[PDB]
>>> print(open('upload-v3.txt').read())   # compact mmCIF, C-alpha atoms
# COMPACT_ATOMS: atom_id res chain seq x y z
CA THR A 345 13.03 2.46 -6.07
CA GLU A 346 11.08 -0.32 -7.73
CA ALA A 347 7.81 -1.12 -5.96
CA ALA A 348 4.78 -3.15 -6.79
CA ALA A 349 1.66 -4.68 -5.28
CA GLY A 350 -1.38 -6.73 -5.94
CA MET A 351 -4.69 -6.96 -4.20
CA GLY A 352 -7.30 -9.66 -4.81
CA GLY A 353 -10.69 -9.94 -3.19
CA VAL A 354 -12.40 -13.33 -3.59
CA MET A 355 -16.20 -13.44 -3.81
CA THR A 356 -17.66 -16.82 -3.09
CA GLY A 357 -21.10 -18.29 -3.78
CA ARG A 358 -23.37 -19.48 -0.99
CA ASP B 3 -7.00 16.79 0.47
CA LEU B 4 -8.71 14.68 -2.16
CA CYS B 5 -7.14 11.35 -0.83
CA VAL B 6 -7.97 11.84 2.85
CA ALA B 7 -10.28 8.77 3.24
CA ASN B 8 -7.59 6.57 1.75
CA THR B 9 -4.93 7.90 4.09
CA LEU B 10 -7.15 7.58 7.13
CA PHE B 11 -7.88 3.94 6.20
CA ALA B 12 -4.18 3.33 5.46
CA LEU B 13 -3.13 4.40 8.93
CA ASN B 14 -5.91 2.48 10.68
CA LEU B 15 -5.09 -0.60 8.66
CA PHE B 16 -1.40 -0.24 9.50
CA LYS B 17 -2.22 -0.05 13.19
CA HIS B 18 -4.41 -3.13 13.10
CA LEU B 19 -1.90 -5.03 11.05
CA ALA B 20 0.83 -4.07 13.55
CA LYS B 21 -1.15 -5.97 16.24
CA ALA B 22 -0.66 -9.07 14.14
CA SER B 23 2.91 -8.13 13.33
CA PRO B 24 4.36 -5.75 15.90
CA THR B 25 8.06 -5.77 14.99
CA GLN B 26 9.03 -7.45 11.69
CA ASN B 27 9.33 -5.67 8.32
CA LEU B 28 5.92 -4.59 7.01
CA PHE B 29 5.10 -3.34 3.49
CA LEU B 30 1.86 -2.61 1.71
CA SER B 31 0.14 -0.39 -0.86
CA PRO B 32 -2.75 1.37 0.71
CA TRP B 33 -3.77 2.72 -2.74
CA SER B 34 -4.05 -0.85 -4.11
CA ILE B 35 -6.05 -2.02 -1.12
CA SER B 36 -8.45 0.89 -1.19
CA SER B 37 -9.06 0.51 -4.95
CA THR B 38 -9.99 -3.14 -4.74
CA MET B 39 -12.10 -2.58 -1.63
CA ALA B 40 -13.99 0.32 -3.33
CA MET B 41 -14.90 -2.08 -6.19
CA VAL B 42 -16.16 -4.58 -3.57
CA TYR B 43 -18.05 -1.77 -1.82
CA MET B 44 -19.81 -0.85 -5.04
CA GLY B 45 -21.42 -4.35 -4.84
CA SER B 46 -22.44 -4.20 -1.16
CA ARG B 47 -25.77 -3.29 0.28
CA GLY B 48 -27.44 -3.12 3.67
CA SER B 49 -25.36 -3.50 6.82
CA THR B 50 -22.46 -4.87 4.71
CA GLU B 51 -22.34 -1.57 2.83
CA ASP B 52 -22.76 0.59 5.90
CA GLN B 53 -19.82 -1.15 7.64
CA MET B 54 -17.61 -0.99 4.61
CA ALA B 55 -18.14 2.78 4.20
CA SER B 56 -17.23 3.23 7.82
CA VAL B 57 -14.05 1.14 7.66
CA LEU B 58 -12.86 2.60 4.35
CA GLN B 59 -13.32 6.11 5.82
CA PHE B 60 -15.81 7.36 3.28
CA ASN B 61 -18.01 8.73 6.14
CA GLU B 62 -15.07 10.62 7.72
CA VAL B 63 -15.29 13.19 4.91
CA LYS B 102 -18.99 10.78 -5.50
CA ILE B 103 -16.80 7.99 -4.04
CA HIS B 104 -16.50 6.10 -7.30
CA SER B 105 -16.00 9.21 -9.37
CA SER B 106 -13.22 10.25 -6.92
CA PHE B 107 -11.45 6.93 -7.45
CA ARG B 108 -11.74 7.43 -11.22
CA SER B 109 -10.12 10.90 -11.04
CA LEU B 110 -7.44 9.88 -8.57
CA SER B 111 -6.53 6.89 -10.69
CA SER B 112 -6.36 9.05 -13.79
CA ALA B 113 -3.89 11.37 -11.99
CA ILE B 114 -1.81 8.43 -10.75
CA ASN B 115 -1.67 6.92 -14.25
CA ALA B 116 -0.81 10.15 -16.09
CA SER B 117 2.21 9.70 -18.44
CA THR B 118 5.23 11.63 -17.10
CA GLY B 119 8.64 10.70 -18.49
CA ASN B 120 10.02 10.99 -14.91
CA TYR B 121 9.09 7.48 -13.69
CA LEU B 122 6.94 4.46 -14.43
CA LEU B 123 3.67 4.38 -12.44
CA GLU B 124 0.67 2.27 -13.33
CA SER B 125 -2.43 1.23 -11.45
CA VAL B 126 -4.83 -1.19 -13.10
CA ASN B 127 -8.02 -2.88 -11.89
CA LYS B 128 -9.49 -6.11 -13.21
CA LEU B 129 -12.63 -8.20 -12.60
CA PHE B 130 -12.60 -11.99 -13.22
CA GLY B 131 -16.02 -13.59 -13.07
CA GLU B 132 -17.47 -17.11 -13.23
CA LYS B 133 -18.53 -17.58 -16.85
CA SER B 134 -21.85 -19.28 -15.95
CA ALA B 135 -22.77 -16.60 -13.40
CA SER B 136 -25.09 -13.70 -14.16
CA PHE B 137 -24.07 -10.51 -12.40
CA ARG B 138 -26.13 -7.30 -12.21
CA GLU B 139 -25.69 -5.40 -15.44
CA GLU B 140 -25.43 -2.02 -13.59
CA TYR B 141 -22.60 -3.44 -11.45
CA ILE B 142 -20.51 -4.60 -14.41
CA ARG B 143 -21.20 -1.31 -16.20
CA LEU B 144 -20.35 0.96 -13.32
CA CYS B 145 -17.31 -1.02 -12.26
CA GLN B 146 -15.99 -0.61 -15.83
CA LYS B 147 -16.96 3.07 -15.86
CA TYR B 148 -15.28 4.05 -12.60
CA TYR B 149 -12.49 1.44 -12.26
CA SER B 150 -11.75 0.47 -15.86
CA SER B 151 -11.75 -3.19 -14.77
CA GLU B 152 -12.40 -4.83 -18.14
CA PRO B 153 -14.64 -7.60 -16.72
CA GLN B 154 -13.51 -11.02 -17.99
CA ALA B 155 -15.15 -14.43 -17.81
CA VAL B 156 -13.25 -17.39 -16.39
CA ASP B 157 -14.25 -20.99 -15.41
CA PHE B 158 -14.02 -21.13 -11.65
CA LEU B 159 -16.84 -23.66 -11.52
CA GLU B 160 -14.85 -26.45 -13.21
CA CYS B 161 -11.34 -25.07 -13.76
CA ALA B 162 -10.56 -23.07 -10.59
CA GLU B 163 -6.91 -23.88 -10.48
CA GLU B 164 -6.45 -22.81 -14.14
CA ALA B 165 -8.35 -19.59 -13.27
CA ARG B 166 -6.04 -18.95 -10.30
CA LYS B 167 -3.07 -19.33 -12.58
CA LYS B 168 -4.60 -17.03 -15.20
CA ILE B 169 -5.26 -14.32 -12.56
CA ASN B 170 -1.78 -14.66 -11.06
CA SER B 171 -0.26 -14.41 -14.52
CA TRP B 172 -2.20 -11.19 -15.26
CA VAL B 173 -0.93 -9.64 -12.05
CA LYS B 174 2.58 -10.83 -12.77
CA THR B 175 2.46 -9.09 -16.14
CA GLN B 176 1.09 -5.84 -14.75
CA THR B 177 3.82 -5.77 -12.08
CA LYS B 178 6.67 -6.53 -14.53
CA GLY B 179 7.17 -9.89 -12.81
CA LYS B 180 7.49 -8.48 -9.32
CA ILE B 181 4.22 -10.00 -7.89
CA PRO B 182 4.13 -13.44 -9.50
CA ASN B 183 1.66 -15.41 -7.37
CA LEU B 184 -0.83 -13.11 -5.70
CA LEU B 185 -3.43 -15.76 -4.99
CA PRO B 186 -2.03 -18.70 -2.98
CA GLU B 187 -3.00 -22.34 -3.36
CA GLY B 188 -6.54 -22.97 -2.23
CA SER B 189 -7.68 -19.33 -2.42
CA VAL B 190 -9.99 -20.06 -5.35
CA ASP B 191 -12.28 -23.05 -5.74
CA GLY B 192 -15.43 -24.25 -7.49
CA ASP B 193 -17.56 -21.89 -5.43
CA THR B 194 -15.56 -18.77 -6.35
CA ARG B 195 -17.72 -16.38 -8.38
CA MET B 196 -15.71 -13.16 -8.79
CA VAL B 197 -12.14 -12.06 -8.08
CA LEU B 198 -11.58 -8.29 -7.93
CA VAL B 199 -7.99 -7.27 -8.49
CA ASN B 200 -5.75 -4.21 -8.43
CA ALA B 201 -2.12 -4.15 -9.51
CA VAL B 202 0.28 -1.25 -8.96
CA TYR B 203 3.79 -0.79 -10.31
CA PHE B 204 6.25 2.00 -9.65
CA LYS B 205 9.83 2.53 -10.79
CA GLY B 206 11.53 5.82 -10.07
CA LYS B 207 15.02 7.22 -9.80
CA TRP B 208 16.14 9.49 -7.06
CA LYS B 209 16.41 13.21 -7.91
CA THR B 210 19.99 12.93 -6.59
CA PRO B 211 21.71 9.57 -6.60
CA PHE B 212 23.16 7.97 -3.49
CA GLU B 213 26.72 6.75 -3.13
CA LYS B 214 26.86 3.06 -2.18
CA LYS B 215 29.09 3.41 0.90
CA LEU B 219 28.63 -2.07 6.07
CA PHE B 220 27.27 -0.34 9.15
CA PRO B 221 25.56 -1.88 12.20
CA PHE B 222 21.77 -1.56 12.15
CA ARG B 223 20.17 -1.68 15.67
CA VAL B 224 17.29 -4.20 15.30
CA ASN B 225 16.48 -4.23 19.00
CA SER B 226 18.23 -3.76 22.33
CA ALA B 227 19.91 -7.21 22.02
CA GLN B 228 20.67 -7.33 18.27
CA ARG B 229 22.64 -5.43 15.64
CA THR B 230 22.95 -6.60 12.08
CA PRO B 231 25.27 -5.25 9.41
CA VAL B 232 23.66 -3.47 6.43
CA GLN B 233 24.87 -1.83 3.30
CA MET B 234 24.35 1.89 3.69
CA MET B 235 23.84 4.54 1.04
CA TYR B 236 25.02 8.17 1.59
CA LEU B 237 23.86 11.44 0.14
CA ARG B 238 24.65 14.98 1.13
CA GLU B 239 22.03 17.28 -0.42
CA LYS B 240 19.58 20.17 0.05
CA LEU B 241 16.48 18.34 1.34
CA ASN B 242 13.37 18.99 3.42
CA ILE B 243 13.86 17.80 7.01
CA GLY B 244 11.84 18.34 10.16
CA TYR B 245 10.84 16.89 13.48
CA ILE B 246 7.44 15.86 14.66
CA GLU B 247 7.42 16.55 18.37
CA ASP B 248 4.15 14.69 19.04
CA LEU B 249 5.74 11.53 17.61
CA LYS B 250 9.29 12.14 18.80
CA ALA B 251 10.57 11.46 15.30
CA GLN B 252 12.59 13.04 12.53
CA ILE B 253 10.98 13.33 9.14
CA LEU B 254 12.89 13.45 5.85
CA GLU B 255 11.65 13.83 2.28
CA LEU B 256 13.65 12.14 -0.48
CA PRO B 257 12.29 13.21 -3.87
CA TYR B 258 12.28 11.03 -6.93
CA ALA B 259 12.49 12.72 -10.30
CA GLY B 260 8.99 14.06 -10.84
CA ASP B 261 6.22 14.56 -8.33
CA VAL B 262 6.67 11.45 -6.20
CA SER B 263 8.71 11.34 -2.97
CA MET B 264 9.61 8.98 -0.15
CA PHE B 265 9.04 10.29 3.37
CA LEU B 266 10.92 8.58 6.22
CA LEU B 267 9.97 8.78 9.87
CA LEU B 268 12.82 7.99 12.30
CA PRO B 269 12.38 7.93 16.12
CA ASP B 270 14.96 9.69 18.22
CA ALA B 273 12.01 4.56 24.31
CA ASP B 274 11.42 0.86 23.89
CA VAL B 275 13.85 -2.12 24.02
CA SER B 276 12.34 -3.53 20.88
CA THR B 277 12.19 -1.67 17.56
CA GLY B 278 11.93 1.83 19.11
CA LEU B 279 8.78 2.47 17.06
CA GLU B 280 6.10 1.84 19.65
CA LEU B 281 5.44 5.53 20.35
CA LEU B 282 5.49 6.54 16.71
CA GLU B 283 3.17 3.68 15.65
CA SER B 284 0.69 4.21 18.47
CA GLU B 285 0.39 8.01 18.16
CA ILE B 286 0.61 8.65 14.40
CA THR B 287 -2.57 10.11 12.92
CA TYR B 288 -3.59 11.76 9.69
CA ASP B 289 -3.55 15.24 11.23
CA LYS B 290 -0.04 14.74 12.68
CA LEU B 291 1.44 13.30 9.50
CA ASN B 292 -0.26 15.45 6.91
CA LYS B 293 0.93 18.67 8.59
CA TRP B 294 4.47 17.54 7.77
CA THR B 295 4.14 15.78 4.41
CA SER B 296 1.87 18.20 2.73
CA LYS B 299 6.25 22.67 7.76
CA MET B 300 9.55 21.37 6.51
CA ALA B 301 12.38 23.67 5.67
CA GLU B 302 15.20 22.79 3.29
CA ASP B 303 18.75 22.34 4.65
CA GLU B 304 21.91 20.59 3.61
CA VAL B 305 21.45 17.09 5.09
CA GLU B 306 23.80 14.18 5.30
CA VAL B 307 21.61 11.09 4.79
CA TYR B 308 22.49 7.49 5.53
CA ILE B 309 19.83 4.93 4.67
CA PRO B 310 20.07 1.20 4.07
CA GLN B 311 19.84 -0.47 0.76
CA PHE B 312 16.94 -2.85 1.23
CA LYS B 313 14.35 -5.03 -0.46
CA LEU B 314 11.10 -6.25 1.11
CA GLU B 315 8.48 -8.71 -0.09
CA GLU B 316 5.41 -9.28 2.12
CA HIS B 317 2.20 -11.29 1.75
CA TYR B 318 -0.98 -10.67 3.80
CA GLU B 319 -4.39 -12.22 4.16
CA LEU B 320 -6.57 -9.42 5.46
CA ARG B 321 -9.89 -10.91 6.48
CA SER B 322 -8.92 -11.03 10.17
CA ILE B 323 -7.59 -7.48 10.09
CA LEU B 324 -10.60 -6.04 8.29
CA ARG B 325 -13.05 -7.87 10.60
CA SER B 326 -11.12 -6.37 13.53
CA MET B 327 -11.53 -2.89 11.99
CA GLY B 328 -15.29 -3.32 11.78
CA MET B 329 -15.89 -4.88 8.40
CA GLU B 330 -17.71 -7.91 9.74
CA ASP B 331 -20.79 -8.72 7.67
CA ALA B 332 -18.87 -8.73 4.33
CA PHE B 333 -16.98 -11.80 5.38
CA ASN B 334 -19.93 -13.53 7.12
CA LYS B 335 -21.27 -16.26 4.90
CA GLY B 336 -24.78 -15.99 6.34
CA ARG B 337 -25.03 -12.21 6.72
CA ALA B 338 -23.10 -10.72 3.78
CA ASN B 339 -25.16 -8.61 1.35
CA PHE B 340 -23.66 -8.23 -2.09
CA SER B 341 -26.95 -7.74 -3.88
CA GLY B 342 -25.27 -4.94 -5.83
CA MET B 343 -23.16 -7.62 -7.58
CA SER B 344 -25.99 -10.09 -7.93
CA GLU B 345 -29.66 -9.69 -7.31
CA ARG B 346 -29.75 -13.28 -6.06
CA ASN B 347 -27.85 -12.10 -2.96
CA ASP B 348 -25.83 -15.34 -3.03
CA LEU B 349 -22.28 -14.01 -2.44
CA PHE B 350 -19.91 -13.27 0.38
CA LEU B 351 -16.33 -12.12 0.65
CA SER B 352 -14.15 -15.10 1.50
CA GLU B 353 -10.69 -13.49 1.84
CA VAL B 354 -8.59 -10.57 0.69
CA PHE B 355 -5.02 -11.22 -0.47
CA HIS B 356 -2.36 -8.48 -0.68
CA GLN B 357 1.26 -8.83 -1.72
CA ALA B 358 3.70 -5.93 -1.96
CA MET B 359 7.40 -5.56 -2.65
CA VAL B 360 9.92 -2.71 -2.70
CA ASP B 361 13.59 -2.55 -3.77
CA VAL B 362 15.41 0.62 -2.68
CA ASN B 363 18.87 1.35 -4.11
CA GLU B 364 21.16 4.20 -5.07
CA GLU B 365 20.02 4.93 -8.59
CA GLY B 366 19.44 8.60 -9.43
CA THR B 367 18.71 10.61 -12.55
CA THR B 378 32.89 17.24 -3.03
CA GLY B 379 35.40 18.39 -0.43
CA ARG B 380 32.77 19.11 2.23
CA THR B 381 34.30 18.36 5.64
CA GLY B 382 32.11 19.88 8.41
CA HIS B 383 29.30 18.10 10.29
CA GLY B 384 27.68 20.95 12.25
CA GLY B 385 24.25 20.54 10.78
CA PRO B 386 21.60 17.92 10.19
CA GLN B 387 22.13 14.22 9.96
CA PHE B 388 19.53 11.60 9.17
CA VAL B 389 21.09 8.28 10.05
CA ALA B 390 18.55 5.49 9.54
CA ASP B 391 20.56 2.78 11.34
CA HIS B 392 17.58 1.76 13.40
CA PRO B 393 13.94 0.99 12.50
CA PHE B 394 11.87 3.55 10.67
CA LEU B 395 8.57 4.00 8.91
CA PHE B 396 8.49 5.07 5.27
CA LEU B 397 5.92 5.94 2.67
CA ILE B 398 5.84 6.76 -1.04
CA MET B 399 3.59 9.73 -1.76
CA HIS B 400 2.04 10.81 -5.07
CA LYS B 401 2.41 14.53 -4.44
CA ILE B 402 -0.27 15.77 -6.87
CA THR B 403 -3.11 13.70 -5.35
CA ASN B 404 -1.58 13.47 -1.82
CA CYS B 405 -2.21 9.69 -2.02
CA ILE B 406 -0.05 7.25 -0.16
CA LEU B 407 1.00 4.69 -2.76
CA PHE B 408 3.12 2.55 -0.44
CA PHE B 409 3.74 2.43 3.30
CA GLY B 410 6.08 0.31 5.36
CA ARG B 411 8.18 -0.43 8.43
CA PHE B 412 11.83 -1.27 7.92
CA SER B 413 13.09 -2.99 11.02
CA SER B 414 15.10 -6.08 10.12
CA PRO B 415 17.82 -6.23 7.45
>>> encode(input="upload-v3.txt", output="structure tokens")
Amino acid sequence: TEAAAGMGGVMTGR
Amino acid sequence: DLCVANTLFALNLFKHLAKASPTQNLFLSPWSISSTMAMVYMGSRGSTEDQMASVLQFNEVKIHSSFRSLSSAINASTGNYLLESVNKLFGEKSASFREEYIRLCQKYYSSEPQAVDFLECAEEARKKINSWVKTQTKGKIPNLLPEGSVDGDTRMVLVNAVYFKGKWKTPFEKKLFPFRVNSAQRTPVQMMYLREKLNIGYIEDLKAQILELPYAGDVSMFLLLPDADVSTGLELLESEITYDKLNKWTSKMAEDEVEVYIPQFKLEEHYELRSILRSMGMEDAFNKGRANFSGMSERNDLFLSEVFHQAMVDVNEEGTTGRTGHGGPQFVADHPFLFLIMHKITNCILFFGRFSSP
């Protein structure tokens, strides 16, 4: 088994 | 169980995601999600913080120190397989974040905070981030952040990448068999066969068989296979699965000589989780007017726009006579099943999916 993942949370200015 | 919050969240996330996607293939890394969201949590305050702790299941049972120790265990060099988890923080170069936040995020997540020019060069920044994730995943996750996900107002992108490559303890033989997608459809799939001494059991509460397939080293795949709906046949299993019911069996099984047939398969799924996480109770984080990320910036001028997750898996035969009877156990995964990849030492779920559609 080859497995992979990415997770990205985007913080935005207000 | 030192990874209980993560597993509780994993299952609740899977259930919410299944509302959005009730039948198609589904694949994610709860470990990756939880790690990024813990870094985001570290920045939250007020009602944003309180909701996040609830959703991430921290209150159901030292959070950041627990992530640091779990990650260390997951990253330990083994010789038996490749397994890497890495966090990263990309921040607007003209922004000033709280020094304690940058320090503690490095301390507990090893995120090597890096400046980038979102303000003027957002698309170059997107490409730079995507390229970093591609590298960490050995090319398997090449474009995490889609077009338009970053813009001139982006201030910080928090990232986790995970990569795993293992070989089965015992190789499969590459054997096409009909796979029952639903009551009206069968599709041929390449099956793999193994006859071996393996842990196998049956979870009565979930009306499903459970099988453990070990990799070399202390990682295994567990498969959950129903034995009552005209669709995928998973409705009961998906609705009734809980931490208590699963953990009893993963962490009750007795070894027997099992004949195993599973498909060779590869999945690649992309999710945008804001809707799902809002549904689970994480509302203020994504609310432009209400979000409180004063932990990241004392100006309290940030909110969480979106959360992007992409995961892939490729399952094949690779591993590190004369038997003619068939009296005993069979595990014939020629209809939809759930599966998960478990780091046995930590009891963390690294990956979790539904295979329903070849």
>>> interface_residues(input="upload-v3.txt", of="chain B", to="chain A", cutoff="9 Å", atoms="only C-alpha atoms", output="number ranges by chain")
B: 30-31, 34-35, 37-39, 42, 173-174, 177-178, 180-181, 184-185, 189-208, 258, 335-336, 347-365, 408
>>> atom_distance(input="upload-v3.txt", atom1="CA of residue 164 (chain B)", atom2="CA of residue 126 (chain B)")
21.7 Å
>>> atom_distance(input="upload-v3.txt", atom1="CA of residue 211 (chain B)", atom2="CA of residue 367 (chain B)")
6.7 Å
>>> atom_distance(input="upload-v3.txt", atom1="CA of residue 392 (chain B)", atom2="CA of residue 250 (chain B)")
14.3 Å
>>> residues_around(input="upload-v3.txt", residues="residue 286 (chain B)", least_positions_apart="4", cutoff="8 Å", atoms="only C-alpha atoms", output="list in words")
residues 13, 249, 282, 290 and 291 of chain B
>>> residues_around(input="upload-v3.txt", residues="residue 132 (chain B)", least_positions_apart="5", cutoff="7 Å", atoms="only C-alpha atoms", output="list in words")
residues 155, 156, 157, 158, 159, 195 and 196 of chain B
